[PDB]
């Protein structure tokens, strides 16, 4: 009885706490886990990994989909094959997977808006560095923007720019933003590499902490920048929760412990649709517990 976790950019640190929750639930439940993922950020490689998982016919699969649409046919394949499968971290809303466990990215952006307004005393100019073509980053940016337009009319969003998931690139972008906008007070990076490059731009310009910076996730570089007073806050996603509750949900499904709802098609919906695994604000106040 083995439950499989499937990722992308599989060696990345973000997954380590996902996996830990997953192994904590499995230890609790006396079952086995196997970790897998595409080593690169490559859709066809994640399709191969998932296809390979389905072929071993495990007790269940938890997967963070690299793309909300281009993995769907493979996900439904698992479902069709009678394998319990849940999404975690990144979803595929049109697929037939049995649950999604992860961040409400709109609300995450809303959390960042309130934190920003607090750091700026309710006024000032802000910018976003994000990934304009990724849906989770788009929701993050819309949550932030819409929350500020709604609750903080004295804070104004003056740019949303593309940090390309790349620190050097985000630094050049941040730097250009600091030139173009004399009174820029705050920067929200929706993506970790973006925040690191925004922190390097502010510290290379001797402006730590004149410029308020909010970033995402808890990579060591992000936490070092926060511990050093450069990045003001980072949003930590509930990765342990994703792992612990995905496993749990897979186990329940596998052992038929739920009373499924019955669809028009007479197929079964044995799980809740969505588990919001939370978001934590990390500042120097709490940075220590996140290493």
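Residue numbers count along the first chain shown, from 1.
Enquirer: Quick check: 96-104 versus 152-160, which has the larger average CA B-factor in the record?
Expert: 152-160 has the higher mean C-alpha B-factor.
Enquirer: Quick one: higher average CA temperature factor, 2-10 or 281-289?
Expert: Mean CA B-factor is higher for 281-289.
Enquirer: Looking at 132, 197, 186, 84, which has the highest CA B-factor as recorded?
Expert: Among 132, 197, 186, 84, the highest C-alpha B-factor in the entry belongs to 132.
Enquirer: According to the Cα B-factor stored in this entry, which of the following is highest: 234, 246, 264, 239?
Expert: By C-alpha B-factor in the record, 264 ranks first.
Enquirer: By the record's CA B-factor, is residue 216 among the lowest, middle or highest third of residues in the chain?
Expert: It falls in the bottom third of the chain.
Enquirer: Relative to the other modelled residues of the same chain, rank the CA B-factor of residue 272 and answer lowest, middle or highest third.
Expert: According to the entry, residue 272 has a C-alpha B-factor in the chain's middle third.
Enquirer: Can you tell me which third, lowest, middle or highest, the CA B-factor of residue 179 falls into for its chain?
Expert: Highest third, going by the recorded CA B-factors of the chain.
Enquirer: For residue 114, does the deposited CA B-factor place it in the lowest, middle or highest third of the chain?
Expert: Highest third, going by the recorded CA B-factors of the chain.
Enquirer: Going by what the PDB entry lists, where does residue 125 fall on CA B-factor within its chain: lowest, middle or highest third?
Expert: Middle third - that is where residue 125 ends up once the chain's C-alpha B-factors are sorted.
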